[PDB]
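Novice: quick one: experimental structure and sequence below.
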Amino acid sequence: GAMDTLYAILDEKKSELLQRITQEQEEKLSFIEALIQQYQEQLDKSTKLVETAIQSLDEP
Amino acid sequence: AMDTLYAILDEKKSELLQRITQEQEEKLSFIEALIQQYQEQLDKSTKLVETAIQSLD
Amino acid sequence: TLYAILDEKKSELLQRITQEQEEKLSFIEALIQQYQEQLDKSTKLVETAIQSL
Amino acid sequence: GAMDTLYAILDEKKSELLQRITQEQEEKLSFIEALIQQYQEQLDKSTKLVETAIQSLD
């Protein structure tokens, strides 16, 4: 009947919505991971610069 | 009747869509837990760095 | 009077070592300030970026 | 020799002035060294903190 069709459609819509939300969340996750990596690298570079400058100051 | 036949078919289609929806929910649940964990790690890190910054003042 | 001579030299030596160490302190202070500024910039950037999500 | 004496007194005086100047130089220099050492220690504590932040992001 028409009511069975309607519910099947709503279930399909539910799966499609989950799919859309998932893709957007996956994008969110990737951006977060690329952000953490860049931050980490910035923090690492700066600290290595600093520890090298001090180590070399008290020397050469 | 095409009714009883189409009914059994619809049951199996429905089961398959349920299986797919279940898997989708699992995967989305995992992505979201990961996003929260990374955000918390990022938060802790910025706090540690701000402590570092202030300790140089 | 000989110790006056030796104390003049010591004073001149103290003066040069002092300028060298002042320079050292100057470099350290600037290095530290530079570190702080970079740490801070990186941190503000990441938080801003997070906020834009 | 009135002029000799004046020089002698002045001779004593410069030595005394010198000893005060030297003592002050050492006090300034020692202070500068403490300040350097203090800063180097803060910077070390600071870098380990950033290292812990970096390790957190793993």
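Specialist: Looks like it came in fine. Numbering: from 1, shown residues only, chains lettered A, B, ... in the order given.
Novice: only C-alpha atoms for contact and neighbour calcs from this point on.
Specialist: Will do.
Novice: what's the nearest residue to residue A:53 if we skip its chain neighbours?
Specialist: Spatial nearest neighbour of residue A:53, excluding adjacent residues (Cα to Cα, 6 or more residues apart in numbering or on different chains): residue C:31 at 7.8 Å.
Novice: so that neighbour versus residue A:40, what's the distance?
Specialist: 20 Å (Cα to Cα, to the nearest Å).
Novice: which of those two has more residues huddled nearby?
Specialist: Taking other Cα atoms under 10 Å in any protein chain shown, residue C:31 and residue A:40 do not tie; residue A:40 has more neighbours (22 against 18).
Novice: quick check: the more buried one touching residue D:57?
Specialist: Yes. If you go by Cα atoms under 8 Å, residue A:40 and residue D:57 touch, sitting 6.9 Å apart.
Novice: circling back to that earlier point, so what secondary structure elements neighbour the helix or strand hosting the residue nearest to residue A:53?
Specialist: Using DSSP states H and E, residue C:31 sits within helix C:2-51. Helix C:2-51 is packed against helix A:2-57, helix B:2-55, helix D:2-56, with contacts defined by 3 or more Cα pairs under 8 Å, 6 or more residues apart in numbering or on different chains; DSSP states H and E.
Novice: and it, how far out from the chain middle?
Specialist: 1 Å (Cα atoms, centre = their mean, to the nearest Å).
Novice: that one to helix A:2-57, inter-axis angle?
Specialist: 170 degrees (axes from the mean of the first three to the mean of the last three Cα atoms, to 10 degrees).
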